[PDB]
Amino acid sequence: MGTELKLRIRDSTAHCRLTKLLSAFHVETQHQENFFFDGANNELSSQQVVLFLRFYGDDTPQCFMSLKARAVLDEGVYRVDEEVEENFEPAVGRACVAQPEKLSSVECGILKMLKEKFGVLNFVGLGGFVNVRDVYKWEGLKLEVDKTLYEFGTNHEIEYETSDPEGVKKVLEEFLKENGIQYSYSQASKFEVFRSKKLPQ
């Protein structure tokens, strides 16, 4: 399952420096639109569950639904117990963004699982945000850099998935220190920052 290293980049300038350092390894940019959903009685959030639709797409526009349950973040290491994703038809996705109540009528795996584990729900939309993700790959290295465009300001993050998030943590941190990229440990998911309506301090 998932376990990643997750660092907040201090500001725009640190983010640009980091972008420039790694430019040679850039392989993709994703313009991600995330929209989040819950039941009318906070069925999902009271059980530490996040339900969202992601639209992304270079050549072909794509859409998937993701359910993530019980995500812990300590000292920059983030782990999730449950994570399930299924691809979703984009036009249906847009229809559900316009009117989340339609989520009750669409047939798909995640949504029955959701009816089974939680009630039949009255679905509500919680809004969404754009995240710009740059993907760096060289040999056996994924590195992801995020610029999240909240209405209330921009957040920047590094994400590197490893099952050894502690050996990797030392090297990554000293890479960043040595090269003048100011950072700290992320204290909150992108969704929690969004729900705060403010950038963390």
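Residue numbers here begin at 1 and follow the sequence given.
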As the entry reports it, the stretch among 66 to 74 and 128 to 136 with higher mean C-alpha B factor is 66 to 74
Mean Cα B-factor check, 46 to 54 vs 157 to 165, entry values; winner is 157 to 165
Residue set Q30, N41, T60, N34, per-entry CA B-factor max assigned to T60
Entry-reported C-alpha B-factor of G93 relative to its chain, by third, is lowest
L141: CA B-factor among chain residues, third -> highest
Tertile call for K147 (CA temperature factor, within chain, third-based) is the lowest
